[PDB]
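Heads up, work.txt below (compact mmCIF, C-alpha atoms (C1' of nucleotides)):
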```txt
# COMPACT_ATOMS: atom_id res chain seq x y z
CA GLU A 1215 -77.16 57.16 177.03
CA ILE A 1216 -77.10 60.40 179.03
CA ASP A 1217 -75.73 63.57 177.49
CA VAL A 1218 -73.96 65.78 180.06
CA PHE A 1219 -73.39 69.33 178.78
CA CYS A 1220 -71.08 71.73 180.59
CA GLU A 1221 -69.79 75.12 179.47
CA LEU A 1222 -66.19 76.25 179.04
CA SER A 1223 -64.78 77.55 182.31
CA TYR A 1224 -63.44 81.10 182.29
CA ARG A 1225 -59.85 79.88 181.81
CA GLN A 1226 -60.84 77.50 179.00
CA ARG A 1227 -62.75 80.22 177.15
CA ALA A 1228 -59.80 82.60 177.54
CA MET A 1229 -57.73 79.89 175.82
CA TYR A 1230 -60.45 78.94 173.33
CA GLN A 1231 -61.35 82.46 172.20
CA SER A 1232 -57.74 83.62 171.79
CA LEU A 1233 -57.12 80.38 169.89
CA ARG A 1234 -60.23 80.94 167.76
CA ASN A 1235 -58.89 84.44 167.01
CA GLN A 1236 -56.37 82.67 164.74
CA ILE A 1237 -59.31 82.03 162.38
CA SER A 1238 -59.18 85.75 161.63
CA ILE A 1239 -55.87 85.01 159.83
CA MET A 1240 -55.77 81.32 158.91
CA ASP A 1241 -58.64 79.37 157.32
CA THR A 1256 -53.82 74.83 159.96
CA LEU A 1257 -57.49 74.23 160.76
CA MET A 1258 -56.69 70.57 161.44
CA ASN A 1259 -54.06 71.80 163.90
CA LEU A 1260 -56.55 74.22 165.47
CA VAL A 1261 -59.18 71.50 165.93
CA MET A 1262 -56.62 69.56 167.97
CA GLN A 1263 -55.78 72.59 170.12
CA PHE A 1264 -59.52 73.23 170.50
CA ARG A 1265 -59.95 69.61 171.62
CA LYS A 1266 -57.13 70.03 174.17
CA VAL A 1267 -58.68 73.09 175.84
CA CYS A 1268 -62.09 71.38 175.67
CA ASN A 1269 -60.49 68.58 177.73
CA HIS A 1270 -58.36 70.51 180.23
CA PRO A 1271 -56.42 73.77 179.73
CA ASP A 1272 -53.43 72.25 181.55
CA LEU A 1273 -53.01 70.06 178.47
CA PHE A 1274 -52.51 73.23 176.41
CA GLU A 1275 -50.61 75.24 179.06
CA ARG A 1276 -49.82 73.59 182.40
CA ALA A 1277 -50.58 75.85 185.37
CA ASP A 1278 -47.64 75.97 187.77
CA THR A 1279 -46.30 77.98 190.71
CA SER A 1280 -45.96 81.60 189.65
CA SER A 1281 -44.89 85.02 190.89
CA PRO A 1282 -44.87 88.67 189.70
CA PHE A 1283 -42.68 89.88 186.85
CA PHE A 1284 -39.15 90.41 188.18
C1' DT B 1 30.03 24.60 186.66
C1' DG B 2 25.81 23.42 189.71
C1' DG B 3 21.71 23.95 191.59
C1' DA B 4 17.43 25.20 193.11
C1' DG B 5 13.12 27.13 191.85
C1' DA B 6 10.38 29.49 189.13
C1' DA B 7 8.67 29.92 184.38
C1' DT B 8 7.23 27.67 180.10
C1' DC B 9 6.21 23.49 177.54
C1' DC B 10 3.34 19.60 176.22
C1' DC B 11 0.20 16.13 176.60
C1' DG B 12 -4.45 14.56 177.40
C1' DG B 13 -9.38 15.69 178.70
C1' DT B 14 -13.55 18.47 178.24
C1' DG B 15 -17.02 21.69 175.97
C1' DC B 16 -19.07 24.71 173.32
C1' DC B 17 -19.93 27.37 169.63
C1' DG B 18 -19.04 28.93 165.54
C1' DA B 19 -17.80 27.46 160.94
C1' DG B 20 -19.33 25.08 156.99
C1' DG B 21 -23.22 23.25 154.60
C1' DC B 22 -28.26 23.05 153.43
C1' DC B 23 -32.71 25.28 151.78
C1' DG B 24 -35.97 28.94 150.02
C1' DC B 25 -36.40 33.00 147.01
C1' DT B 26 -35.47 36.60 144.82
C1' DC B 27 -33.85 39.89 142.49
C1' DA B 28 -30.17 41.10 140.18
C1' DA B 29 -27.35 38.99 136.65
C1' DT B 30 -27.90 37.45 131.81
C1' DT B 31 -30.10 37.08 126.93
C1' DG B 32 -31.59 39.69 122.98
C1' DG B 33 -32.50 44.04 120.34
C1' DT B 34 -32.10 49.11 119.35
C1' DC B 35 -29.69 53.55 118.84
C1' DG B 36 -26.33 56.95 119.59
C1' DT B 37 -21.86 58.07 119.95
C1' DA B 38 -17.25 58.28 121.08
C1' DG B 39 -12.89 57.20 120.40
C1' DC B 40 -10.13 55.13 116.84
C1' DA B 41 -7.76 55.79 112.32
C1' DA B 42 -5.80 59.42 108.75
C1' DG B 43 -4.10 63.37 107.65
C1' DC B 44 -2.04 68.13 108.45
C1' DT B 45 0.65 71.61 111.23
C1' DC B 46 4.32 73.22 113.37
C1' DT B 47 5.85 73.05 118.39
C1' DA B 48 9.40 72.28 121.19
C1' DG B 49 12.48 68.57 122.19
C1' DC B 50 17.00 67.08 120.82
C1' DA B 51 21.68 67.60 119.05
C1' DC B 52 25.76 70.42 118.36
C1' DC B 53 29.30 74.33 118.74
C1' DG B 54 32.00 78.08 121.24
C1' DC B 55 32.83 81.12 125.06
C1' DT B 56 32.65 82.52 130.11
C1' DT B 57 33.19 81.83 134.96
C1' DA B 58 31.94 80.39 138.76
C1' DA B 59 31.35 76.06 141.01
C1' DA B 60 33.96 71.91 142.04
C1' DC B 61 37.90 69.54 143.98
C1' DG B 62 42.53 68.21 145.73
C1' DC B 63 45.15 69.04 149.83
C1' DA B 64 46.92 71.64 153.89
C1' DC B 65 46.00 71.97 158.75
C1' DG B 66 43.92 72.81 162.81
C1' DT B 67 40.78 72.44 166.51
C1' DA B 68 36.38 71.42 167.49
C1' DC B 69 33.63 67.68 168.45
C1' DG B 70 32.82 62.32 168.83
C1' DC B 71 33.42 58.46 172.03
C1' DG B 72 35.26 55.55 175.10
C1' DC B 73 36.10 55.42 180.11
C1' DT B 74 35.11 56.45 185.25
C1' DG B 75 31.97 57.59 188.96
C1' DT B 76 27.43 58.25 191.11
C1' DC B 77 23.15 57.78 192.21
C1' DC B 78 18.50 57.88 191.88
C1' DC B 79 14.81 56.19 190.17
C1' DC B 80 12.38 52.78 187.86
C1' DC B 81 11.97 47.32 188.48
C1' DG B 82 10.55 43.54 190.60
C1' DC B 83 7.70 41.39 194.00
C1' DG B 84 4.47 41.24 198.17
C1' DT B 85 0.29 43.46 200.26
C1' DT B 86 -3.89 46.16 200.00
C1' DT B 87 -8.07 47.85 197.61
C1' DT B 88 -10.96 49.00 193.96
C1' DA B 89 -13.48 48.79 190.28
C1' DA B 90 -13.75 46.29 185.84
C1' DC B 91 -16.60 42.75 184.15
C1' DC B 92 -20.88 40.31 184.08
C1' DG B 93 -26.07 39.58 184.73
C1' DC B 94 -30.27 40.88 184.98
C1' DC B 95 -34.09 44.20 184.79
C1' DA B 96 -35.69 48.87 183.43
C1' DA B 97 -36.80 52.81 180.54
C1' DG B 98 -37.97 55.12 177.12
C1' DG B 99 -37.07 56.66 172.91
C1' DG B 100 -37.08 56.48 168.69
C1' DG B 101 -39.48 55.02 164.32
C1' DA B 102 -42.73 52.86 161.19
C1' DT B 103 -47.74 51.77 160.64
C1' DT B 104 -52.51 53.21 161.13
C1' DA B 105 -56.36 56.49 161.93
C1' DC B 106 -59.11 60.70 160.25
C1' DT B 107 -59.91 65.48 159.02
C1' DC B 108 -58.84 69.30 155.78
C1' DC B 109 -57.42 71.41 151.33
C1' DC B 110 -54.24 71.50 147.47
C1' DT B 111 -53.82 70.20 142.79
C1' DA B 112 -54.61 67.69 138.69
```
Using structure tokens, write down the structure from this file.
Amino acid sequence: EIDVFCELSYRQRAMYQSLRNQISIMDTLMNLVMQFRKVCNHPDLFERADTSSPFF
DNA sequence: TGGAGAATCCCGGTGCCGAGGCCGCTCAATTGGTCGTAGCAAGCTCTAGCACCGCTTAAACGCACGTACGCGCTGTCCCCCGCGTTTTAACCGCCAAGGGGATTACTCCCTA
């Protein structure tokens, strides 16, 4: 059994920390631990990156 | 009237498939007892439904009389039927999708 640690990429931690900011109001925690598990898997699960352009 | 042909009947054969009957279970109908009530029986009031009389007039009705409208009769046509050809898409089969819902998993926190 080999443990393989890797840190949250800058996009993931932008998701994770703004999500964790909800703990300043709630604590829904069982909802948050599923959103935290999504971003810990891939942020496209939480918000799919897609072709984008400036504000019109 | 006759006739030909096209349309409908009837008779027998075939098949399939659904109705009628059988079997398990269950759960919902029945037995037995309690308790509340509700509506059934008496009694009182007096409300308004019925009957009658007399007057008023305005609504009904019998009949005169016309003319306005119902209907049969003629002509036209046009437009809907009937039947043959062309075309389309309804019906059937088979696979696909997914989409919804109920069960199961596991944390977190309310509430008893």
Please, which residues in chain B fall within 12 Å of chain A when counting only C-alpha atoms (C1' of nucleotides), and what is the closest atom pair and distance in Å to one decimal for each, ordered by chain then residue number, as a Markdown table?
```
| residue | atom | partner | partner_atom | distance |
| --- | --- | --- | --- | --- |
| B:106 | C1' | A:1258 | CA | 10.2 |
| B:107 | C1' | A:1258 | CA | 6.5 |
| B:108 | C1' | A:1258 | CA | 6.2 |
| B:109 | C1' | A:1257 | CA | 9.8 |
```
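Take the candidates A:1225, A:1231, A:1264, A:1236 and check each one against residue A:1277 using only C-alpha atoms; the shortest distance goes to A:1225.
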*Do you know which residues are at most 12 Å from residue A:1220 counting only C-alpha atoms (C1' of nucleotides), after dropping those on the same chain fewer than 5 positions away, and could you put them as a PyMOL selection string?*
chain A and resi 1226+1268-1269
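In this model, the gap between atom CA of residue A:1229 and atom CA of residue A:1217 comes to 24.4 Å.
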